[PDB]
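Letter by letter, the chains look like this.
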Amino acid sequence: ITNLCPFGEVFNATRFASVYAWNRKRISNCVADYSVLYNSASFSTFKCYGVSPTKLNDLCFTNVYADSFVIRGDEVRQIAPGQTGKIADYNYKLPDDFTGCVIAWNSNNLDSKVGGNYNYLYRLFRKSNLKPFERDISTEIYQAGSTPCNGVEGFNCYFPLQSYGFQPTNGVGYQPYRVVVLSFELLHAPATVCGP
Amino acid sequence: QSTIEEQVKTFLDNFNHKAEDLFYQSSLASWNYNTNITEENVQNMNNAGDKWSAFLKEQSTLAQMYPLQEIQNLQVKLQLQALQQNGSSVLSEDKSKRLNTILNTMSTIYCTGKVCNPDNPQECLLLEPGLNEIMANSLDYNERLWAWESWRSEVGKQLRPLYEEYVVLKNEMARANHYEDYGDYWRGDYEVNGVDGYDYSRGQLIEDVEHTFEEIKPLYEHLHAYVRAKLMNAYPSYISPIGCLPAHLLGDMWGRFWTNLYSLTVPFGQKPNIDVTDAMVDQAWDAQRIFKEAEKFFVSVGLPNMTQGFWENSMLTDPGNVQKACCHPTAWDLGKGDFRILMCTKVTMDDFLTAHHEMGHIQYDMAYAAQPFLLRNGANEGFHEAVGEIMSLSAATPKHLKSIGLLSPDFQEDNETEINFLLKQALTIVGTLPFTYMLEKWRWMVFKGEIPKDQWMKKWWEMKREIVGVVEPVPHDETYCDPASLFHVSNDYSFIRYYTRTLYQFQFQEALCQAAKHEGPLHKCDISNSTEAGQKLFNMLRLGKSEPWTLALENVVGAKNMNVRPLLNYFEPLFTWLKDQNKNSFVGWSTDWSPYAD
Ligand SMILES: *[C@@H]1O[C@H](CO)[C@@H](O)[C@H](O)[C@H]1NC(C)=O
Ligand SMILES: [Zn+2]
């Protein structure tokens, strides 16, 4: 006697979020069978931080946020605590004492098409690093010098974000990997999510 | 101060993420064109080519604003200076499109030109395989002569007016870029400046090429004497014992490699054959097996196995009459992790070694892929054509060939086997050197001046007779263009890379054998299981252009220039024997003897 969580509505959503503006789902008042995700055959990365991956079906938590996005397979090594580079610094930062799991897989059959996809964006310049779990969905022109930028692109004046361009024949370090980051929370209050 | 470093670093980190896809989309249109010459592909190729060049002009213009004198980090000075250089944009738009028609027409004439039988105009030969089989295997002087001149009369004569226009436009483009001529533009890959004590100059390349060739002529004169002395058995009334060689009797349509003279000139025919062409046909190998065996060599020295996209997307076998594909072997890096080979292979020792060579370009292309966009290129033209040929120096050995089952396990490594092997290697590697130097000397002068329009073919054939010791079967006048009848002349590539790689391959080979802890003669060193020799190479391949070639060489072999000593020390066991064989016959040649007049 059981009631499973809506992981299906994230792990097999049709359309994922552009990494600069990542999606967040709350999970609460539910049972989550993490062992099914751990025993998945498709996942290429399943690194868990601060919590042992086999153990999750024993734990109970107040809240769980599943964050989802898509990035080049070569940038998946920036989704970990303590990393640097233009995903970790400016698009999505995990904290230095993250407790959670990072889950990722190749999606070249879906997120990539002939002629090039050009939907998925990422932020390429920022005036400072993000604080952990911050978002910056904005398009004001970055200024690289002493000339006032007047809200127009040009010399020393760069648009803040750039598209990915997945074609089907690009190599593994440039194919689209879907990523889901689970960020469990215990908040000195009731548990609302458990393993069965 | 630091603002005009951070402004430049910011700008290049715009370029490296904006350029990367425009270059990919351009490359992928050229692959679709070369895999079938079709107007539907030529449209896409022109469209994606225009997008790339039209972009480059805008970023080049933005880069022009920053002071070249203010940036101090060496790699950013290199990476920025590549944008500040104009290139082709100095010409008017009509004149630039005129040049792009010339290049595409010369390329199409070469890749689709043909000759046909004079009784049977229904029967026509492309260069590959048609005329190549005739020039590689026919022992009829008359058929060889026909196949040799018919390509020069039927296609070399078409390219003369185009090559005139190409010489004119490329010089005016190069001169508006402050080079003296388009030859000087090409010598510009060897230039090193700003780093004092490791500098090199575009004039000095001519000094070091002509200075090293002087120390190679003695081995060549002895090898030429031996080849001439034996071809008189096969073509008895046609060859003088004291003259230069007839051009069509060399082992190739141009005489670029003498490899296919081996069967006519092999020293000790009673031993098992070192040319494994017959053993591969007997065991029924094929295109995929040849590239699989190439892959095993690179991985056993600890370099990466091939990307799955290589095996799925490459064209390793001729597509046949269904597609007018190009068949000159090429190694392609498209960008974005995508690497391919286009090569119409067939079961031969030549295609087995050439599979090692073109796969050697892909290994260097995989190694420097972490570098930023404008440095993600080889350290020098010569290193790019050397990194593959280091593996053929190792993979061709009777020692290695027995270990892969192309020789019988009872084969004996005796003192006649050693000369049967070196005489094969000397045909390829020393036979190609004078041709490779001489052809580029002609182009350097044709771009510079000192060869006027009514003497192009005059001075070419004078230099083939004087420098190379080869003579034309019948005179060619200034309506012909023989040089244009070779791919690298037709399709706008510098040839000197094939000279300088021929020195670098022995410098690196000696320095890799020491990492494999080898002792004994250099000409039986196999590096094939030494991960230590592979690492000594890999840690120089991963650089791209980021450190000057003089220093990238000097770190690996302890010299800051190209050196002849390891080449000679490889062939010395042959050279001593050729000096013995030639004691009763003439060494050198008269330039006055003629196949037509005599
Ligand atoms: C080695 O080869 C030479 C000829 O190339 C021959 O004279 C000599 O006798 C050979 N060595 C032996 C041990 O017979
Ligand atoms: Zn090559």
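Residues numbered from 1 in each chain as written, not as in the entry; some residues may be left out. Chains lettered and ligands numbered in written order. Heavy atoms only, no water.

Colleague: Could you give an account of the interface of chain B and chain A, with specific residues and numbers?
Modeller: Each partner contributes to the interface: chain B provides 21 residues, whereas chain A provides 18 residues. Contact with chain A buries area across many residues of chain B, yet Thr 10, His 17 and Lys 336 of chain B alone supply 30% of it, more than any other trio. In this assembly, chain B and chain A are joined by one salt bridge. Ionic pairing is found between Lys 86 of chain A and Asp 13 of chain B, a salt bridge with its closest N-O pair at 2.5 Å. (Contact = heavy atoms within 4.5 Å. Buried area = accessible area lost by both parts, 1.4 Å probe. Salt bridge = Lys/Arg side-chain N within 4 Å of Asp/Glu carboxyl O.)

Colleague: Describe the UniProt feature "binding site: chloride" in chain B, and please don't skip the residues or the numbers.
Modeller: All names here are of chain B. UniProt records the feature "binding site: chloride" at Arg 152, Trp 460 and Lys 464, using the numbering of this structure. The annotated residues that sit in the lining of the largest cavity are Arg 152, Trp 460 and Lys 464. Within the secondary structure layout, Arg 152 lies in helix α6 (residues 141-176). The exposure class of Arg 152 is buried, given its relative accessible area of 4%. With residues up to four places along the chain from it excluded, the contact list for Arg 152 reads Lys 157, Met 253, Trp 254, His 476, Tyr 480, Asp 482 and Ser 485. Checked against the element boundaries, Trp 460 lands in helix α20 (residues 456-468). (UniProt positions renumbered as here; feature names shortened; annotations may be inferred. 1 Å grid on protein atoms, 1.4 Å probe; cavity = no way out; pocket = protein on both sides within 12 Å on 5 of 7 lines; lining within 4 Å. Helix = DSSP H or I, 4+ residues; strand = E, 2+ residues; numbered from the N terminus. Buried < 20%, exposed > 50% of the residue type's maximum accessible area, 1.4 Å probe, protein only.)

Colleague: Outline the side chain of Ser 18 of chain A, listing residues and values.
Modeller: With respect to the helices, strands and loops of the structure, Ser 18 of chain A is situated in the loop between α1 (8-11) and β1 (23-27). Residues in contact with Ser 18 of chain A, not counting those within four places in the same chain, are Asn 119, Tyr 120 and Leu 121 of chain A.

Colleague: Explain the domain arrangement of chain B to me, and be specific about the residues and the numbers.
Modeller: By a widely used convention, the size of an interface equals the accessible area lost when the partners come together. Residue and element names in this part refer to chain B. Considered domain by domain, chain B is made up of domain 1 (1-85) and domain 2 (277-415 + 510-559). Opposite the 21 residues of domain 1 that make contact, domain 2 presents 23 residues. Contact with domain 2 buries surface across domain 1, with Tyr 24, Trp 31 and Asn 34 losing the most and accounting together for 32% of the total. On the surface where domain 1 and domain 2 come into contact, there are six residue pairs in polar contact. Breaking the side of domain 1 that touches domain 2 down by element, the ones donating at least two residues are α1 (3-34) and α3 (74-84). (Domains from an automatic or database assignment. Polar contact = N/O pair within 3.5 Å; in protein donor to acceptor, adjacent residues only side chain to side chain.)

Colleague: How would you summarise the packing of aromatic side chains if you had to cite specific residues and measurements?
Modeller: All names here are of chain B. A full pass over the atoms with the stated rule returns 64 aromatic pairs over all chains. Among the aromatic side chains, those forming a connected cluster through ring pairs are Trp 148, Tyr 163, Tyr 166, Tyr 179, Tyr 182, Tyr 185, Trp 186, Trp 442, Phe 447, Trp 456, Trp 460 and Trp 461. Above the plane of the ring of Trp 311 lies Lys 292, whose end atom (NZ or CZ) is 4.0 Å from the centre. Across the ring face of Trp 31, the terminal group of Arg 340 is positioned such that the distance to the ring centre comes to 5.3 Å. (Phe/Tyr/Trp six-rings, centres within 6.5 Å; stacked < 30°, edge-to-face > 60°. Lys NZ or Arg CZ within 6 Å of the ring centre and 35° of its normal.)

Colleague: How would you summarise the site of ligand 1 if you had to cite specific residues and measurements?
Modeller: Residues and elements named next belong to chain B. Close to ligand 1 lie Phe 268, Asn 415, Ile 419 and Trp 577, which account for all nearby residues. Between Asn 415 and ligand 1, the recorded distance is 2.4 Å, taken from a side-chain N or O atom to an oxygen atom. Expressed as a share of its isolated accessible area of 360 Å², the protein-covered part of ligand 1 is 32%. For the shell around ligand 1, the per-class residue count stands at three nonpolar, one polar and no charged. (Near = heavy atom within 4 Å. Areas by Shrake-Rupley, 256 points an atom, 1.4 Å probe, with all protein chains shown as cover. Nonpolar A, V, L, I, M, F, W, Y, C, P; charged D, E, K, R; others polar.)

Colleague: Would you mind going over empty space enclosed by the protein in detail, with residue names and values included?
Modeller: All names here are of chain B. Tallied over the entire structure, the rule returns three cavities of 30 Å³ or more. Approximately 90 Å³ is the volume found for the largest cavity. Secondary structure elements with two or more residues in the lining of the largest cavity: α6, α19 (432-448) and α20. Class assignment of the residues belonging to the lining of the largest cavity gives a composition of eight nonpolar, one polar and three charged. Approximately 60 Å³ is the volume found for the second largest cavity. Surrounding the second largest cavity, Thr 397, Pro 398, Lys 399, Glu 413, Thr 417, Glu 418, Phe 421, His 523 and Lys 524 form its lining. When its residues are assigned to classes, the lining of the second largest cavity shows two nonpolar, three polar and four charged. (Points joined across faces, edges and corners; volume = space filled by probe spheres on them.)

Colleague: Let's hear about the layout of surface pockets: which residues, and what values?
Modeller: Residue and element names in this part refer to chain B. One number sums up the size of the second largest pocket: a volume of about 350 Å³. Along the walls of the second largest pocket sit 16 residues, with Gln 25, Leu 28, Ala 29, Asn 32 and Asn 44 positioned nearest its centre. Looking at the lining of the second largest pocket element by element, the count peaks at five residues for helix α2 (residues 39-63). For the lining of the second largest pocket, the class distribution of residues is five nonpolar, nine polar and two charged.

Colleague: Can you break down the pattern of salt bridges residue by residue, with the values?
Modeller: Residue and element names in this part refer to chain B. Overall, the coordinates contain 36 salt bridges over all chains when judged by the stated rule. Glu 180 is the partner of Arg 187 in a salt bridge, and the nearest nitrogen-oxygen pair spans 2.8 Å. For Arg 187, a relative accessible area of 6% translates into the label buried. Relative accessible area serves as the criterion here: at 45%, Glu 180 is assigned to the partly exposed category. Salt bridges sharing partners connect three or more residues here, namely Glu 180, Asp 184, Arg 187, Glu 191 and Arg 202.

Colleague: Kindly report on helix α23 (residues 531-541) of chain B, identifying the contributing residues and their values.
Modeller: All names here are of chain B. Buried residues of α23: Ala 533, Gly 534, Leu 537, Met 540 and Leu 541, and no others. Around the axis of α23, the buried residues are gathered within 130° of arc, so they sit on the same side. Where α23 is buried, its residues touch α14 (349-367), α15 (381-387), α16 (389-395), α22 (497-515) and α24 (549-557). (Arc of directions from axis to C-beta.)

Colleague: Can you tell me about the sheet that holds strand β3 (residues 48-49) of chain A, naming the residues and giving the values?
Modeller: All names here are of chain A. Strand order in the open sheet formed by five strands is β1-β5-β11-β6-β3, with antiparallel pairing between adjacent strands. The open sheet has two edge strands with one neighbour each: β1 and β3. Sheet topology places β3 next to strand β6 (residues 100-106); two bridges connect them, and they run antiparallel. Directly across from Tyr 49, in β6, lies its bridge partner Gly 100. (Pairing = 2+ DSSP bridges.)

Colleague: How would you sum up the state of the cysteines? Please name residues and give values.
Modeller: All names here are of chain B. Under the defined criterion, the tally for this structure stands at seven disulfides over all chains. Between the sulfur of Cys 513 and that of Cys 525 lies a disulfide, 2.0 Å long from S to S. Every disulfide takes its handedness from the sign of the S-S torsion; for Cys 513 and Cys 525 that torsion is -105°, giving left-handed. Of this pair, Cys 513 sits in helix α22 while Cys 525 sits in the loop between α22 and α23, and the two are 12 residues apart along the sequence. With respect to burial, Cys 513 and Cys 525 carry one shared label: buried. Take the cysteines of chain B that form disulfides and number them in order along the sequence; they join up as 1-2, 3-4, 5-6. (Disulfide = S-S within 2.5 Å.)

Colleague: Lay out the nonpolar core with the relevant residues and their values.
Modeller: Counting residues in hydrophobic clusters, the biggest one holds 160 residues, and the most contacted among them are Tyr 166, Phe 383, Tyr 499, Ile 527, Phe 571 and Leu 574 of chain B. Here the element with the most residues in this core is α6 of chain B; it accounts for 13 residues. Setting aside anything within four residues of it in sequence, one finds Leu 574 of chain B in contact with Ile 419, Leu 422, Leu 423 and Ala 426 of chain B. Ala 66, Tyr 122, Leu 124 and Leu 182 of chain A belong to the second-largest nonpolar core, a separate cluster that totals 64 residues. (Core = buried A, V, L, I, M, F, W, Y, C linked by side-chain atoms within 4.5 Å.)

Colleague: Now, about the UniProt feature "active site" in chain B: what can you tell me, with residues and values included?
Modeller: Residues and elements named next belong to chain B. As annotated in UniProt, the feature "active site" corresponds to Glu 358 and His 488 in the numbering used here. Within the fold, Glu 358 resides in helix α14. Given the relative accessible area of 8%, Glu 358 is considered buried. Discounting chain neighbours no more than four positions away, the residues touching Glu 358 are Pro 329, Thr 330, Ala 331, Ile 341 and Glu 385. Within the structure, the side chain of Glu 358 is placed 3.1 Å from the side chain of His 357, a separation counted as a polar contact.

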